[PDB]
Each structure stands twice: as C-alpha cells, then as structure tokens.
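Observations on the three-dimensional arrangement
Letter by letter, the chains look like this.
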Amino acid sequence: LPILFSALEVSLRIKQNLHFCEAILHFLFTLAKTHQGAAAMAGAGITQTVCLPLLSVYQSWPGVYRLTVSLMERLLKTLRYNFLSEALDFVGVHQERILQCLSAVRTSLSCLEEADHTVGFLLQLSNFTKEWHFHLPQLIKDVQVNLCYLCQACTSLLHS
Amino acid sequence: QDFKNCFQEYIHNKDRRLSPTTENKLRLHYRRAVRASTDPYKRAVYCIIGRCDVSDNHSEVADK
C-alpha cells in the first residue's frame with residue numbers, strides 16, 4: 001500500500017494511467033470489505049493520499065472517482081467511529097462535486113451513476129448525523145434541502 | 001497567541017523534521033475556514049504563510 005498510494009498520488013498529479021488508477025481503486029474497494037483491510041487502508045492515509053489530488057480530476061476518470069466514493073462509503077460502513085473524521089474531511093473537500101452529482105440528475109447515465117454514488121456516500125455518512133451537523137452545520141441542512149428537491153425531481157421524472 | 005513550535009518554525013526557525021506533514025494542515029484549514037472569513041487581514045496573512053489561493057490578490061488589504 002505505501003508504494004501503491006505513492007504511485008496513485010503521482011498518477012493523479014499528472015493525470016495518467018487511468019486504467020491503472022481504476023484497477024487499483026477496484027482492488028482497494030474489494031480489500032475494503034474486510035475489517036483489517038480497511039483498517040490498514042486508513043492506516044495508509046489513503047485519505048491523506050487521495051483527497052488532495054482528487055481535486056485535479058474535476059478541476060475511466062469519472063469511474064475512478066465513483067469507485068473512490070464507493071470505497072469511502074464502504075469504509076464508513078466498516079469503521080464509522082474512528083473514520084468519520086477523515087470522511088468529513090474528504091467530504092468538505094469533495095462537497096462541491098457531490099452537489100454537482102446530486103444536481104446533474106436533472107439534465108444522462110453518467111450523471112445518474114454519479115448522483116447514485118454521491119447519495120450512497122451521503123447515506124453512509126447519515127448514520128453519524130449528530131457529528132455531521134456538529135462540524136458542518138450548513139452542510140447537513142443544505143443537504144436535507146437539496147435531498148428533498150432531488151427526491152421530488154426523481155418522482156417527477158419517473159411519473160411521466 | 002505545539003502550535004508555538006510550529007510558528008517559530010514558520011517565521012524564524014528553519015526546523016526541518018523527520019517524516020513530518022507540513023503546510024498540508026495549513027492549506028486545508030485555510031480553505032476550510034479562512035477563505036470565507038470576512039477579515040481581509042486574516043485571510044491574506046493565511047494566504048501568505050500557507051502559499052495557496054494563488055489568485056487571491058487580497059486587494060482589500062493591498063492597493064499599491
């Protein structure tokens with residue numbers, strides 16, 4: 001994992017080896033099903049590595065981002081308490097992109113999958129709504145608002 | 001005013017270290033809280049020390 005994350009950091013920095021990034025991300029997500037696995041994954045500072053460069057991708061690629069979000073959600077589901085801190089950190093970083101994914105569902109299959117992943121991450125985080133509103137008070141509130149909006153959007157798109 | 005040793009490093013003391021995370025925590029908090037702050041002095045100073053927010057001319061605090 002040390003050399004791996006060093007590589008991934010380099011890669012996202014230069015924005016290369018997309019297939020490599022995605023495959024490694026999938027391998028990580030598969031390892032993350034395990035308690036000890038995700039435990040070491042955090043112990044690797046997977047956040048400390050990925051969170052910073054991941055801005056570059058938005059500043060396959062969206063597939064890699066989605067897989068990363070999936071790994072984050074699964075990691076929360078695996079070790080909520082000790083990982084909520086880093087989860088909130090990354091979210092505060094990836095907040096704008098999560099909002100964009102939740103909003104794109106109006107205007108596309110890729111928008112759909114991105115919204116689904118952002119929503120799954122938000123769900124995994126919801127189990128700690130206390131600390132969520134505690135640290136990021138604007139976040140949880142704007143989240144509930146837009147979530148009502150998007151549930152309505154889904155209902156309207158589906159009914160007709 | 002371990003934050004004191006950190007600042008003594010920042011201003012005067014060179015203070016190289018072993019496997020330390022430096023300027024990572026500054027920029028993160030800065031973008032987390034400082035960037036939105038109304039205090040042009042505080043924001044500009046954080047920008048200077050943390051060497052981020054490149055486009056921030058902070059002109060409200062610098063006019064010449």
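Residues numbered from 1 in each chain as written, not as in the entry; some residues may be left out. Chains lettered and ligands numbered in written order. Part of a larger assembly, values for the part shown. Heavy atoms only, no water. Residues with missing side-chain atoms left out of burial classes, pairs and counts.

In the nomenclature of the PDB entry, chain B corresponds to Nuclear pore complex protein Nup93 from the organism Xenopus laevis. As recorded in the PDB, this entry has the title "Cryo-EM structure of the IR subunit from X. laevis NPC".

As recorded in the PDB entry, chain A goes by the name Nup188 domain-containing protein, listed as coming from Xenopus laevis.

Once that is clear, we can look at the overall build of chain B. When its secondary structure is counted, chain B shows three helices and zero strands. Along its sequence from the N terminus, chain B presents helices and strands in the succession α-α-α. Taken over the C-alpha atoms alone, chain B extends approximately 40 × 25 × 25 Å along its principal axes. (Helix = DSSP H or I, 4+ residues; strand = E, 2+ residues; numbered from the N terminus.)

Helix and strand counts for chain A come out as nine helices and zero strands. Along the chain direction, N to C, the helices and strands of chain A fall in the order α-α-α-α-α-α-α-α-α. For 160 residues, the compact-globule formula gives about 15 Å, and the C-alpha radius of gyration of chain A, at 16 Å, lands near that figure. (Rg over C-alpha atoms; globule rule 2.2 N^0.38 Å.)

Before going further, it helps to spend a moment on helix α1 (residues 2–14) of chain A. Over its 13 residues, α1(A) runs 19 Å from end to end, which matches the ideal 18 Å to within 8%, given 1.5 Å per residue. Remark: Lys15(A) follows α1(A) within two positions and exhibits a positive phi of approximately 60°. (Expected span 1.5 Å × (residues − 1).)

Attention now moves to the environment of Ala38(A). Residues and elements named next belong to chain A. Among the secondary structure elements, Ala-38 is positioned in helix α3 (residues 35–43). Here the alpha-carbon distance between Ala-38 and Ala-7, two residues 31 residues apart in the chain, equals 19 Å. Beyond its immediate chain neighbours, meaning those up to four positions away, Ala-38 contacts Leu-31 and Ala-32. (Contact = heavy atoms within 4.5 Å.)

With that out of the way, let us pick up unusual backbone geometry. Residues and elements named next belong to chain B. Here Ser-19, not a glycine, exhibits a phi torsion of approximately 55°, which is positive. Of note, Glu-23 is a non-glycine position whose phi angle comes to about 75°, a positive value. Examined against the element boundaries, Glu-23 turns out to sit in the loop between α1 (3–11) and α2 (24–32).

All names here are of chain A. For the pair helix α6 (residues 61–104) and helix α7 (residues 109–126), the least separation of the axes is 8 Å and the interaxial angle reads 145°. For α6 against α7, the interelement crossing comes out left-handed. Listed contacts from α7 to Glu-73, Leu-76, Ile-98, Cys-101, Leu-102 and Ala-104 of α6 are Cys-111, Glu-114, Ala-115, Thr-118, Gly-120, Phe-121 and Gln-124. Residue classes in the contact of α6 with α7 are distributed as eight nonpolar, three polar and two charged. (Axes fitted to C-alpha atoms, helices over the stretch in contact; angles between N-to-C directions. Left-handed = near helix turned anticlockwise from the far one by under 90°. Nonpolar A, V, L, I, M, F, W, Y, C, P; charged D, E, K, R; others polar.)

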